[PDB]
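See below for the structure under consideration.
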2 protein chains.
Amino acid sequence: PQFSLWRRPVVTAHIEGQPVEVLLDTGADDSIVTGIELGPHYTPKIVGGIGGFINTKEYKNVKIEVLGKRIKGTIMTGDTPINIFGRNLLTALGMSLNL
Amino acid sequence: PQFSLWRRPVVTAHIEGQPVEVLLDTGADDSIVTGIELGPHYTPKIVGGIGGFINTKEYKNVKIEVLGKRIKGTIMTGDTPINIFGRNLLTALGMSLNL
Ligand SMILES: CC(C)[C@H](NC(=O)[C@H](Cc1ccccc1)C[C@H](O)[C@H](Cc1ccccc1)NC(=O)OC(C)(C)C)c1ncc[nH]1
Ligand SMILES: CC(C)[C@H](NC(=O)[C@H](Cc1ccccc1)C[C@H](O)[C@H](Cc1ccccc1)NC(=O)OC(C)(C)C)c1ncc[nH]1
């Protein structure tokens, strides 16, 4: 599809069956979400942005369904004020920025 | 053009004469640059990032040249880890996000 950017590109995705709305972020390296419980097998991390750093819980090989595609990829869960899908999940779907 | 998001979409902008590497960001409602100072006539703002709230200096009608275009926009200066061109300049340039 084409997101023209006059509204925030918010899309509904299913992460291991849970339904969540996420912002398609070209400015983020990772996809950080909150509100899904994915289990005790994570690698602890810390990522930065406008306002400072945040501790994350990284999970690899996660079943993701977003925009008619189904991919497997790394999602981080943490206290992020906005759910985000960064370039690691946008490249898996083959999305791109066009001029 | 098309940017495939495998590498961070950073380009060169010349904000009112001055050269700056900026990140093409769809997750951003505004554009915030650091390391340039645009002057005393600004309106203070607060915007929220991932680590929390920052204060920015907002300058309206800033002439910009990115890719082959000469546009005018609102640029904010503040404490960002990376210079970002958000949805207000991307729509001005006419860029889209596609799958
Ligand atoms: C939530 C994350 C995905 C996103 N942050 C990033 O993409 C940031 C952008 C950034 C660039 C340069 C310095 C600091 C931060 C990247 C992550 O913080 C850091 C970058 C970094 C490296 C070394 C020390 C400190 C930071 N990278 C990261 O976590 O993952 C990689 C893929 C590079 C290993 C962000 N963008 C906007 C708001 N938050
Ligand atoms: C470049 C900044 C503006 C950007 N922040 C935003 O886009 C933020 C965050 C956001 C993104 C997506 C969905 C909801 C909220 C919106 C801005 O913070 C705020 C909205 C807001 C203000 C006060 C309290 C709460 C929200 N917008 C803003 O200052 O600019 C306008 C002119 C649109 C009002 C950011 N920081 C890190 C990544 N993106």
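Convention: chains lettered A, B, ... in structure tokens order; per-chain residue numbering from 1; ligands numbered from 1 as shown.
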TODO: Determine, counting only C-alpha atoms, which protein, DNA and RNA residues have an atom within 9 Å of an atom of residue 70 (chain B); residues of the same chain fewer than 6 positions away are not included. Present the result as a PyMOL selection string.
DONE: chain B and resi 63-64+93
TODO: With a distance threshold of 7 Å and counting only C-alpha atoms, extract the residues of chain B near chain A and express them as a list in words.
DONE: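 Filtering chain B at 7 Å from chain A with only C-alpha atoms gives residues 1, 2, 3, 4, 5, 6, 23, 24, 25, 26, 27, 49, 50, 51, 52, 53, 54, 80, 81, 87, 91, 94, 95, 96, 97, 98 and 99 of chain B.
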Keeping only N, CA, C and O atoms, write the selected residues to a file as a short mmCIF file (atom, residue, chain, number, x, y, z; two decimals), in the first residue's frame.
```
data_model
loop_
_atom_site.label_atom_id
_atom_site.label_comp_id
_atom_site.auth_asym_id
_atom_site.auth_seq_id
_atom_site.Cartn_x
_atom_site.Cartn_y
_atom_site.Cartn_z
N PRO B 1 13.22 8.84 -6.31
CA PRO B 1 14.23 7.89 -5.76
C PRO B 1 13.55 6.89 -4.83
O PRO B 1 12.35 7.03 -4.64
N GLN B 2 14.26 5.95 -4.22
CA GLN B 2 13.70 4.95 -3.32
C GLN B 2 14.81 4.64 -2.34
O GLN B 2 15.97 4.54 -2.76
N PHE B 3 14.47 4.52 -1.08
CA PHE B 3 15.44 4.25 -0.04
C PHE B 3 14.87 2.94 0.52
O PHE B 3 13.70 2.89 0.90
N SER B 4 15.66 1.89 0.54
CA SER B 4 15.23 0.56 1.02
C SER B 4 15.31 0.21 2.51
O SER B 4 15.19 -0.95 2.89
N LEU B 5 15.61 1.15 3.36
CA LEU B 5 15.69 0.94 4.80
C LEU B 5 16.64 -0.13 5.33
O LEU B 5 16.53 -0.50 6.48
N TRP B 6 17.53 -0.73 4.56
CA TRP B 6 18.45 -1.70 5.12
C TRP B 6 19.47 -0.87 5.87
O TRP B 6 19.92 -1.38 6.87
N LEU B 23 18.01 12.30 9.07
CA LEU B 23 17.40 10.99 8.93
C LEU B 23 15.94 11.21 8.49
O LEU B 23 15.21 11.99 9.14
N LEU B 24 15.55 10.53 7.40
CA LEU B 24 14.23 10.57 6.82
C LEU B 24 13.39 9.73 7.82
O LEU B 24 13.43 8.47 7.82
N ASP B 25 12.60 10.39 8.69
CA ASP B 25 11.81 9.70 9.68
C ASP B 25 10.26 9.75 9.60
O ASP B 25 9.62 10.77 9.88
N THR B 26 9.61 8.59 9.35
CA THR B 26 8.15 8.55 9.26
C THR B 26 7.45 8.49 10.61
O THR B 26 6.23 8.73 10.68
N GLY B 27 8.25 8.17 11.65
CA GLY B 27 7.77 8.09 13.01
C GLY B 27 7.70 9.44 13.68
O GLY B 27 7.17 9.59 14.80
N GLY B 49 9.63 11.93 23.04
CA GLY B 49 10.34 10.90 22.35
C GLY B 49 10.17 9.59 23.11
O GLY B 49 9.29 9.42 23.96
N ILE B 50 11.17 8.75 22.96
CA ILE B 50 11.02 7.43 23.54
C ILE B 50 11.48 7.46 24.99
O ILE B 50 10.94 6.74 25.81
N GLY B 51 12.42 8.32 25.34
CA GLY B 51 12.87 8.35 26.71
C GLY B 51 12.13 9.41 27.49
O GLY B 51 12.30 9.52 28.70
N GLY B 52 11.30 10.23 26.84
CA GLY B 52 10.51 11.23 27.52
C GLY B 52 10.59 12.57 26.82
O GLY B 52 11.18 12.71 25.74
N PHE B 53 10.00 13.51 27.52
CA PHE B 53 9.82 14.86 27.03
C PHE B 53 10.98 15.84 26.96
O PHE B 53 11.69 16.04 27.97
N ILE B 54 11.15 16.48 25.79
CA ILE B 54 12.21 17.48 25.63
C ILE B 54 11.60 18.83 25.25
O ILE B 54 10.41 18.91 24.93
N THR B 80 18.49 16.12 20.17
CA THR B 80 18.26 14.85 19.56
C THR B 80 19.58 14.07 19.38
O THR B 80 20.57 14.70 18.99
N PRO B 81 19.62 12.71 19.57
CA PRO B 81 20.74 11.81 19.20
C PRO B 81 21.03 11.83 17.72
O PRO B 81 22.15 11.50 17.35
N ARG B 87 7.49 13.92 9.37
CA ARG B 87 6.39 13.91 8.40
C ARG B 87 5.99 15.30 7.87
O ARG B 87 5.37 15.36 6.81
N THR B 91 6.20 15.27 3.73
CA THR B 91 4.99 15.51 2.95
C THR B 91 5.30 16.71 2.06
O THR B 91 4.93 16.69 0.88
N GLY B 94 6.94 15.51 -0.75
CA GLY B 94 6.12 14.59 -1.48
C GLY B 94 6.48 13.13 -1.31
O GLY B 94 5.89 12.38 -2.06
N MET B 95 7.31 12.69 -0.35
CA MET B 95 7.70 11.27 -0.14
C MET B 95 6.55 10.41 0.41
O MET B 95 5.67 10.94 1.11
N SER B 96 6.62 9.10 0.20
CA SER B 96 5.63 8.15 0.66
C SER B 96 6.41 6.94 1.19
O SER B 96 7.61 6.74 0.90
N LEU B 97 5.63 6.10 1.84
CA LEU B 97 6.15 4.86 2.40
C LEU B 97 5.38 3.73 1.66
O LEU B 97 4.13 3.71 1.66
N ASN B 98 6.06 2.78 0.98
CA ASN B 98 5.33 1.74 0.26
C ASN B 98 5.79 0.35 0.53
O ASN B 98 6.96 0.15 0.80
N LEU B 99 4.83 -0.53 0.29
CA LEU B 99 4.86 -1.98 0.42
C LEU B 99 4.29 -2.43 -0.95
O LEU B 99 5.12 -2.79 -1.81
#
```
TODO: Looking only at strand (DSSP E) from DSSP on the backbone, list the matching residues of chain B as JSON, numbers by chain.
DONE: {"B": [2, 3, 10, 11, 12, 13, 14, 15, 18, 19, 20, 21, 22, 23, 24, 32, 33, 43, 44, 45, 46, 47, 48, 53, 54, 55, 56, 57, 58, 59, 60, 61, 62, 63, 64, 65, 66, 69, 70, 71, 72, 73, 74, 75, 76, 77, 84, 85, 96, 97, 98]}
Open item on the list: Just the number, please: distance in Å from CA of residue 46 (chain A) to atom 30 (O, counted along the ligand's line) of ligand 2, one decimal.
Closed with: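 Computing it gives 26.4 Å between the two atoms.
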- [ ] To one decimal in Å, tell me the separation between atom 6 (C, counted along the ligand's line) of ligand 1 and CA of residue 31 (chain A).
- [x] 9.6 Å
Open item on the list: Quick check, in Å to one decimal: how far apart do atom 27 (N, counted along the ligand's line) of ligand 2 and CA of residue 42 (chain B) lie?
Closed with: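 Distance reported for this atom pair: 15.9 Å.
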I want to know what sits within 9 Å of residue 36 (chain B), based on only C-alpha atoms, with residues of the same chain fewer than 2 positions away left out; could you give that as a short mmCIF file (atom, residue, chain, number, x, y, z; two decimals) with N, CA, C and O atoms, in the first residue's frame?
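Just written: part.cif:
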```cif
data_model
loop_
_atom_site.label_atom_id
_atom_site.label_comp_id
_atom_site.auth_asym_id
_atom_site.auth_seq_id
_atom_site.Cartn_x
_atom_site.Cartn_y
_atom_site.Cartn_z
N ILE B 15 20.29 23.62 5.61
CA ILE B 15 19.33 24.39 6.33
C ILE B 15 19.96 25.76 6.36
O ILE B 15 21.10 25.91 6.75
N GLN B 18 23.54 26.20 5.84
CA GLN B 18 24.29 25.18 6.55
C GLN B 18 23.93 23.69 6.24
O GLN B 18 22.82 23.21 6.51
N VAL B 20 23.67 19.58 6.70
CA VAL B 20 23.40 18.67 7.81
C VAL B 20 22.89 17.31 7.32
O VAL B 20 22.11 17.26 6.37
N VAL B 33 16.70 19.18 14.61
CA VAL B 33 18.12 19.17 14.31
C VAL B 33 18.93 19.77 15.47
O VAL B 33 18.47 20.65 16.22
N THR B 34 20.16 19.33 15.67
CA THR B 34 21.00 19.84 16.72
C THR B 34 22.26 20.27 15.98
O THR B 34 22.46 19.89 14.82
N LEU B 38 19.75 28.62 15.03
CA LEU B 38 18.99 29.47 14.13
C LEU B 38 18.51 30.78 14.73
O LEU B 38 17.77 31.48 14.01
N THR B 77 14.96 22.90 16.95
CA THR B 77 16.31 22.55 17.36
C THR B 77 16.10 22.03 18.79
O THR B 77 15.14 22.41 19.48
#
```
Task: Given only C-alpha atoms and all ligand atoms as the counted atoms, nearest of B:12, B:17, B:66, B:56 to ligand 2 - done: B:56
Write out as a short mmCIF file (atom, residue, chain, number, x, y, z; two decimals) with N, CA, C and O atoms, in the first residue's frame the set of residues from chain A that DSSP, computed on the backbone, places in helix (DSSP H, G or I).
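Written file, selection24.cif:
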```cif
data_model
loop_
_atom_site.label_atom_id
_atom_site.label_comp_id
_atom_site.auth_asym_id
_atom_site.auth_seq_id
_atom_site.Cartn_x
_atom_site.Cartn_y
_atom_site.Cartn_z
N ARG A 87 13.13 -0.38 11.27
CA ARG A 87 13.67 -0.88 10.00
C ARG A 87 13.90 -2.38 10.02
O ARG A 87 13.75 -2.97 8.96
N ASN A 88 14.23 -3.02 11.14
CA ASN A 88 14.42 -4.48 11.14
C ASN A 88 13.14 -5.21 10.66
O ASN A 88 13.25 -6.17 9.92
N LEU A 89 11.92 -4.80 11.02
CA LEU A 89 10.68 -5.44 10.59
C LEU A 89 10.25 -4.77 9.32
O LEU A 89 9.72 -5.52 8.50
N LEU A 90 10.44 -3.50 9.01
CA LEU A 90 10.01 -2.91 7.73
C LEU A 90 10.85 -3.49 6.55
O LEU A 90 10.30 -3.68 5.43
N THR A 91 12.15 -3.82 6.74
CA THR A 91 12.92 -4.38 5.64
C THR A 91 12.43 -5.78 5.33
O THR A 91 12.44 -6.14 4.17
N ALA A 92 11.98 -6.56 6.34
CA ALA A 92 11.47 -7.92 6.18
C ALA A 92 10.23 -7.89 5.28
O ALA A 92 10.01 -8.79 4.49
#
```
TODO: Name the residues in contact with residue 59 (chain B) at a cut-off of 9 Å, using only C-alpha atoms, excluding same-chain residues fewer than 3 positions from it; report them as a list in words.
DONE: residues 38, 39, 41, 42, 43, 62, 73, 74, 75, 76 and 77 of chain B
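Considering the residues B:45, B:40, B:65, B:58 and counting only C-alpha atoms, residue 19 (chain B) has its shortest atom-to-atom contact with B:65.
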